[PDB]
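Inspection log for the structure reproduced underneath, given as structure tokens.
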Amino acid sequence: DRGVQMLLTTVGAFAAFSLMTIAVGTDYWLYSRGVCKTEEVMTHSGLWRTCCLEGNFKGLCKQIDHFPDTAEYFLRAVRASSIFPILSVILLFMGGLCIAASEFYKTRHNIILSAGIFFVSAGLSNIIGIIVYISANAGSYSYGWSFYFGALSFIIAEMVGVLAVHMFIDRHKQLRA
Amino acid sequence: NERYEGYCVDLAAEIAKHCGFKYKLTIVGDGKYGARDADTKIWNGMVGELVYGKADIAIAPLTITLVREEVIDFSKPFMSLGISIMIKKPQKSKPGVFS
Amino acid sequence: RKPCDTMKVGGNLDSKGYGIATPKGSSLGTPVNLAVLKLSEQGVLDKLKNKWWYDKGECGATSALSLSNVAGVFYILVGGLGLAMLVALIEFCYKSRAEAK
Amino acid sequence: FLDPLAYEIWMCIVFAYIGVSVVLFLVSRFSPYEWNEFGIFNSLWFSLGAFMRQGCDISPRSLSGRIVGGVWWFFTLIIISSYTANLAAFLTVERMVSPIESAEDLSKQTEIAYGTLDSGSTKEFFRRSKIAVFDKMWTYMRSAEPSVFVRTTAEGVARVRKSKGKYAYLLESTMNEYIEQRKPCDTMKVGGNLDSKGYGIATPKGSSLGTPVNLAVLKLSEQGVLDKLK
Amino acid sequence: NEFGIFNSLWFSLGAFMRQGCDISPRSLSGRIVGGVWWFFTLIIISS
Amino acid sequence: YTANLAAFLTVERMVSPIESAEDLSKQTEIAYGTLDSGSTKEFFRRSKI
Ligand SMILES: O=c1[nH]c2cc(C(F)(F)F)c(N3CCOCC3)cc2n(CP(=O)(O)O)c1=O
Ligand SMILES: CCCCCCCC/C=C\CCCCCCCC(=O)OC[C@H](O)CO
Ligand SMILES: CCCCCCCC/C=C\CCCCCCCC(=O)OC[C@H](O)CO
Ligand SMILES: CCCCCCCCCCCCCCCC(=O)O
Ligand SMILES: CCCCCCCCCCCCCCCC(=O)O
């Protein structure tokens, strides 16, 4: 059907954007046995802040130091600056803008295709971000709800991109018909 | 006394407290532990400071050997040890991006 | 001690000890012997060992295939997806321009 | 059967699968100038079958669809080859891992029980210890049901041999080393000594035998008699 | 061209020997069955 | 490619590090030595094992 699809894509875009922004913001990416401030105790290693839990001084949070081959340096850079998660957030925002501007300027249907391309690119950036995150960590533990919020953002972004392209195809089908 | 710190410093402090007597830590001048020169039969190092009354007690990491147990009295060992192997750390190798 | 690049691997080969020396006929010998045994029983010696070897220490204390082993293939995959998207869009722009304006 | 690859590889395989399917669909269907049997459902099926090294039934004909297909094929080849190779390595050399290798390890986890003899220096060492790890061990054992305490060393070894890996017995190093080397060799000794103690030769309150036996023991130790005898 | 009993058997056999298909299911149910059997085959042959 | 990868992973899986002393006696890749002159040197020299 039609009419529902625009609302569903808008809702999905908002959900993906919110999830990814929260995930980049929060710090429950990794539960590891690190050190809170500078013994061992469980932590809240996020993208930026490793923070202490279930200890004498739980709730103390410190900025992660991402440094003490050229590949190692470049990976450390790319992971220190969460460029790929941030780029994911920005692309999701631009896709949201494209969907919003669809209601106006409806005549031109290449603005909704842009929305689709932005959402799919957001998904790809999210994948690269997860891969660099995990790889940098690798050079007992667990993943917290922030990581899975990032993952769910990826899934929803890819679904919303599919829907955007689907409705672009329908619009050009109507126009040619 | 306050100028120094270490395992032996704390051990000496506790021993004194148990026995109840002041003390003055003094390093060995020569810088050796103990050895009987075959010719002279001289004891250098803290074993010297013990045999020739120059000191009253040694609280250093002094091995309990036979050549040494003869001329002085050793307390029951306060730290057991031995020879051991030391190697470089494993240094787990990061796989290449295109490995 | 830093840089923390070494490791003790094998248990001890031989067995010796360290002791508190005293002059051959000094009255301190018996009391110091009993003091050492009392400390050893009370765990003070173990605590001092911990304090001076570990508390002042400058350091802390699978077989599956890890993502690090196959990371490059993921990078290549996503790079190829991006390139594919770019090529598609370039062709689409070219076709849009191609129609007789 | 998932053990050859880490959980992260499986997760990223699923992500890459969805990404590839979506990009193949987009790149094949979006252009109005194309209007490809490559809807979203057919794109997902293509990707799945490419991964499982099964047939195609359709292959992208455009440049862009072919780029996507090619990289996904390369990915699949490497990942499946790597799975097979690592499983071979697993099944060739079996590497059993000791669950605990230290005292602090026994303290930190709780899956495996452990306890000392009913009464002895082994018990007291924990009953009256101020050390973090031994304090924690005492806290656990003081209340452990069923009683982690045995009536005899024979009972202790029998109990550790009965339990698969649930129970760990704390005893003197020398007896532990003796037991380990005997049949059926069902048990091993892990980690270092928790404390230090010595065995010696006694002697009456005062005698002339003590002074020379001390020299004898030191001479034996230094010569290497005691190590060789042990 | 469609999955009768004999063609179903042939499809399954060929999927097990990794010997490609002349026909593959087109429906959601057929594709679920096919996909799961492909997974099974991949694990068992690798093993 | 698959067979050589398997060889790589199998070999890397059967690599045992050093665990004892006699393990130093058996191999020759890892050199080992003691202090120039001291108790450990003598212990080895007069060693009857
Ligand atoms: O009684 C003795 N006690 C010793 C105690 C120690 C230490 F462990 F450091 F406390 C050392 N260290 C070994 C490394 O070089 C010097 C420092 C040497 C000692 N030596 C000399 P040895 O002849 O080499 O044994 C003795 O004689
Ligand atoms: C006609 C249709 C065309 C389809 C086209 C898609 C097929 C792509 C396939 C494989 C790409 C593999 C890329 C290999 C990149 C490896 C480069 C590399 O890393 O080499 C340097 C090395 O790291 C130094 O140590
Ligand atoms: C387009 C329609 C295609 C239809 C779909 C075809 C089926 C897909 C193939 C395989 C499924 C494999 C399922 C894997 C199940 C994993 C179970 C698991 O992970 O449990 C282990 C546990 O996590 C450890 O503690
Ligand atoms: C196409 C198939 C989809 C895959 C289905 C996956 C079902 C199992 C997922 C298990 C997740 C376990 C969570 C791990 C916990 C952690 O260490 O973070
Ligand atoms: C073509 C893409 C699908 C391929 C099939 C992949 C399904 C496996 C996913 C399982 C999730 C990971 C859980 C297992 C790891 C673990 O818990 O040890």
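Note that the numbers count up from 1, one per residue, in the order the chain is shown.
This entry, so its header tells us, was determined using electron microscopy, 3.2 Å.
Cβ atoms here come from the backbone N, Cα and C positions, even for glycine.
A disulfide bond in Swiss-Prot ties C:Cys59 to one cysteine from C:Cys4, C:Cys93, and that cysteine is C:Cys4. In sequence order, C:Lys38 are the recorded positions among C:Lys38, C:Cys59, C:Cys93 whose C-beta falls under 8 Å from a C-beta of chain B.
Here the C-alpha separation of C:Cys4 (disulfide bond) and C:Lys38 (site 'Interaction with the cone snail toxin Con-ikot-ikot') works out to 34 Å. Distance from the CA of C:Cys59 (disulfide bond) to the CA of C:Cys93 (S-palmitoyl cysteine) is 59 Å.
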